[PDB]
Ligand SMILES: [Zn+2]
């Protein structure tokens, strides 16, 4: 029995879209607390019976890459911090410390002698060193896919459980640049009870501070019942540093950062050593700060973080921080007139205390739905820039996301011999991808050399996945009686037509066929999705005279197109030595399908040939053996249709102007246009973080560009060489695919945007997704500057009136908006000469060619059951969801390396159940190595919610044979929540559930 997530609108105290509408966002000088007010408390609030309980929580913010690489930071800082944490906590039993980034902690702990490891275990066992979140990293929450958020969590917690027998239930996220409700969603399904956040808009901090709504029960925007709710603490002030964590006046709080006496206080009053001669006056000053902070919160329990970036490095910082705070605590606790108990504490300690206060009925907490984007730290400094910064690696994230899913799924079907090194490869791949989830990784907010490290690590991870996938496929499709593997040998190379993209790197392999050299070639397609899929696939072939069969030698209809490249005035050139064979692979759920490419004399029976039309003035171009000559013509408008699918009209610069859905229905206008944003000459400069445009975007001079039109029975495309962008519309008989080869070059202080202009009556309403999990209603707010109407576009955005919807699906996270009724726009790249003064200490001048990929879905929704007009969520159609699925998890292509393949079977997984379209097996992962008694395999099942507009049961517990046991688990697989006999019940719309099947 499942919630309805469409018709029922949840009741919450704070709904962030609603709050945003009714908020003035006035940037008033508030006093010592610049972005709030002068806090008052009644001092008779406190007495011997109602005391203020103060937890002072030492911490050290450790970036796994930012100004330095992971390994640079490890050697310069983090190993010294964790060594000293070990020593000082051992010697000082009341001293406490929290640690978030398990990537750094695993690096450290594995390097320890056995004595140190057991000393480390003792300070974690007695709760002195407490792990918070326990993720590999503290992830980005804007650009990150929920799958990779769960991956990095799963990897840090699995490491903590294996090596420290602990699983944190309190999250600490002090640095991500705005906050997603995806985090509570995953954490609450991973056994968490509490989470803390910091970087929310100063006007939101003020508004919530005023109603003491900084602690709230954060539920998903669709959850009527509140089962998703997680207790959230929002910190009230500008920073997580010591000046902004003691209370409202940083000039006072900075005096209680005892490390600042080659560091100083900006407010020019230094810390002073605490003595019997000044402790009374210092404690008065400090407790006054504490009691002002407590006014903003509903319990008599107060959280005081004590730290900053890479703090607790030197042994004397540990002494000076600990000893001075001891003296203060000694004085304050001994002196009844304060009515304070103050002590070193952990985050869990804080939350426990707050819950005890809730139980005792001391406080009742408000409910909240929504997100905390776009973040502004002051004035108009909105952090929408990093939604696009380093878009190459943003793209690379999504490709590696898929290769890790595919590698884990393919290698999961079987136990492997350790000589195969499957587990080594998958651990490397998970960890490089996990590291990139860091809030200076996927964000593009790291120094040039660190981005290079991230790229080289993800490159290595891609090669590890390829090796696992090709080994796996060879095993799945070779006769058992023949299968005799060389675990070091390349049986298949992978073909990927979308990463990096030919035009970024000309690196795809050409299958070389000859009547004598080599007449045929086995190819295999993998389908990670759990339903039958039929998708056009392509390969490079050395002859255009190629025919496709399955292994059973049934002909398959195919099309051959030329291989086109673009060069510098920007014009295409065709190959005379390679061709694209295009055909429809039918692949089973979570399955494999084999096909054969065979050469012939001449045009084979079942292979068509695309025409080519080169629209320019002053035309010519050979194509070797390509049997249809390249035609020429002057720039002009062009219509194209593939299959019964839509009919697209293109300008004479090869940009979409119109879509006709069906043969009766109208030519709906849909104009693609490239524009620029610039940087402010005066005042605040755009950087890796901040988007600060000098006014609305201004159109790009296109000139007369060369337009290439390729027309074929299975696939046609319109390509054009614009300055900065080779734009391409590909048609295969449904929603078209948009490809931009973006080369911003050295156009300093430029942001290239792509805008869609329709007559859709959207108004001020658009929808953007969070972490590729949910779509959230946005409202353009004219009261906020442009950069504040920019939101993350991690996997899609859409506009709609009562009749029409346009959805743009992305293969990469980029920033975007709807800045006017019937518009969508999405930034492609940004080049920025200036730093934006958030500590990166450079601009963005390392741009490189990236191939961005999209699907464009124009649909009628007048017949779709749309949620209440008051609902803060949107839901994709089946067609838009399947289009996102085609971008993020396409079919994998495998070319057999060797001349002959004995044992070859033509299919795997034909028996596998084809689950409802809204269901996905997000994760298949074998949880046990071979040496193990009982093999265990984890499945994450996510079910989305599709808009209804008028399939076999999938039980993952049975996918593998000899199932002995089957548990519903936390999403990390670390805790059993339910023994099941051993059927997994399917999951509600917008729900995610994990299961582990055991095998005898
Ligand atoms: Zn950070």
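Don't overthink the numbers, they just go from 1 along the chain as shown.
Structure determined by X-ray crystallography, 2.1 Å.
For all residues, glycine too, the Cβ spot is worked out from N, Cα and C.
Feature annotations, courtesy of Swiss-Prot:
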type: ACT_SITE; residues: 175; note: active site, nucleophile
type: BINDING; residues: 61, 63, 175, 439; note: Zn(2+) binding site
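The candidate set comprises the recorded positions 63, 175. Of these, 63 has the most other Cβ atoms within 10 Å. If you measure from the Cα atom of residue 63 (Zn(2+) binding site) to that of residue 175 (active site, nucleophile), you get 9 Å. Across the binding-site residues listed here (61, 439), the residue whose Cβ sits among the most other Cβ atoms within 10 Å is 439. Each residue contributes its Cα atom, and for residue 61 (Zn(2+) binding site) and residue 175 (active site, nucleophile) those atoms are 8 Å apart. The chain break between residue 950 and residue 951 spans 5 missing residues, with the CA atoms of the two ends lying 16 Å apart. Other residues of the chain with a Cβ within 8 Å of the Cβ centroid of 61, 63, 175, 439, the Zn(2+) site, are 62, 66, 138, 174, 176, 309, 438, 440. Taking CA atoms as the reference points, residue 175 (active site, nucleophile) and residue 439 (Zn(2+) binding site) are 7 Å apart. Cα atoms of residue 568 and residue 569 lie 6 Å apart, with 5 unmodelled residues in the deposited structure between them. The model of this deposited entry stops at residue 261 and resumes at residue 262, leaving 3 residues out; those two Cα positions are 7 Å apart.
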